[PDB]
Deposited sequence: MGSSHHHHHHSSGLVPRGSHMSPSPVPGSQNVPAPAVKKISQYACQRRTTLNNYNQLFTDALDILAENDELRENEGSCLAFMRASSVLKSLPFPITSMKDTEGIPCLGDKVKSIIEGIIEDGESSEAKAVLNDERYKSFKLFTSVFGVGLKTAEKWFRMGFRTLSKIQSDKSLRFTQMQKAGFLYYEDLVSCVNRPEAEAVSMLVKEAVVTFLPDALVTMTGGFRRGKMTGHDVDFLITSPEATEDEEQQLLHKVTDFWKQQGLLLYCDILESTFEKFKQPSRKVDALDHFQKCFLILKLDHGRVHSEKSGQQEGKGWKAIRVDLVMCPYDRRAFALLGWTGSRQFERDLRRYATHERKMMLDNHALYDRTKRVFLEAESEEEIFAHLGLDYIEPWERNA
């Protein structure tokens, strides 16, 4: 029987139901934009469970026994079976508010509030936003507009690997024992991504050395002429705090959101200016919390949400990116690997490429 939890399902990139899930993902995204959190969650859980199927839905009978498929979702599936299209998702794709929110938030530095502001000012195109002489932009948005075309072309694996080399070269210059791991979508087997994320940890670094690494690495890149954008968020990590109770848990580790200059010569692929702007995120965590951070930063977002929901509701455990706490035993559970976290939770291990929920 298919579990309602993504953490009890294997979700690989061979999606046989893309016709259904692309429509459900559009409807979920629109509900996010329309601030309808409930309808958003229902469409996300339905899309997620269909992504896990080893076969394509070809009739309504095929949906029997599948959880997270409410009556509204079943009407959408029925419509796609009928003529290969979702009339509901088609209407969202042609909606002016939806088109504007997608287009405006595609700019690095633009969120829901700024996209809503620009829409209510009557803006519909990025050309009209950029050329407006009254608008004031944040430093993040200026970088978002300046490197727009590069950031909107999604990063491929040769580029992600070339970025990994740059990150490792910079990091070991200051911490030679540091462990650097590529996380996010690329770790889950994806061919492309909007950014490249890394988890950095050191078994022998001090609390101060751990704090200074992201500043040293970004200053080195600034000197090199490779740092196009940099925002370092200092740690708010608390060694003895209980893990988050929130639906979507916040990460308190030291991190940085960057834009790097990636020279074409560094990319070893099959194939203008000779460089590409790449979004890069670096996370530094204490060595003892590396398994929890890796598990949280690997994703997918739906896999993480269901992991934390399963931990709470089924095991009376509290899980987040920093720790795992057992409310019955009144102890924090230690882990040196993701496999140990899954074993603590009573879950069969799900490989990173199986977490595409």
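Counting from residue 1 of the deposited sequence, the stretches lacking C-alpha coordinates in this chain are 1-38, 310-314.
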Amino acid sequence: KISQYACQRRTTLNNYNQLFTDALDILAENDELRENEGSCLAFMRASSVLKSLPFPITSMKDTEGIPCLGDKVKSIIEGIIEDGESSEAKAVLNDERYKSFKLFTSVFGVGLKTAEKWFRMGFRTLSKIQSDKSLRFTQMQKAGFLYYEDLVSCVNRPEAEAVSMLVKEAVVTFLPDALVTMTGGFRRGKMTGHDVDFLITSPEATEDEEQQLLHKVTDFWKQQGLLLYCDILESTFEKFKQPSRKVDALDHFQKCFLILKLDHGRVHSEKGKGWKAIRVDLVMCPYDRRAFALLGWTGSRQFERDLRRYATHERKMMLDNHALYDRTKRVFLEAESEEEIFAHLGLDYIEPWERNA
From here on, numbers count along this sequence of modelled residues.
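We call the rigid core the largest set of C-alpha positions that still match within 1.5 Å between the two forms.
Averaged as a root mean square over residues and superposed structures in 7 other deposited structures of this protein, CA distances to the shown form are larger in 36-44; the pair compared was 286-294 and 36-44 with a core fit. For the pair 294-302 and 62-70, the record assigns the higher mean C-alpha temperature factor to 62-70. Two stretches are in play, 79-87 and 192-200, and the higher mean C-alpha B-factor belongs to 79-87. You'll see in the entry that, of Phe145, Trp221, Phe104, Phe123, the Cα B factor peaks at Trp221. Out of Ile129, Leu258, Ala162, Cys154, the entry records its largest CA B-factor for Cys154. Compared with the other modelled residues of the chain, the Cα B-factor recorded for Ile278 ranks in the lowest third. The entry lists a Cα temperature factor for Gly185 that places it in the lowest third of the chain's modelled residues. Per-chain ranking of the deposited C-alpha B factor places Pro286 in the middle third. The deposited CA B-factor of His313 belongs to the highest third of values across its chain. The entry lists a Cα temperature factor for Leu33 that places it in the highest third of the chain's modelled residues.
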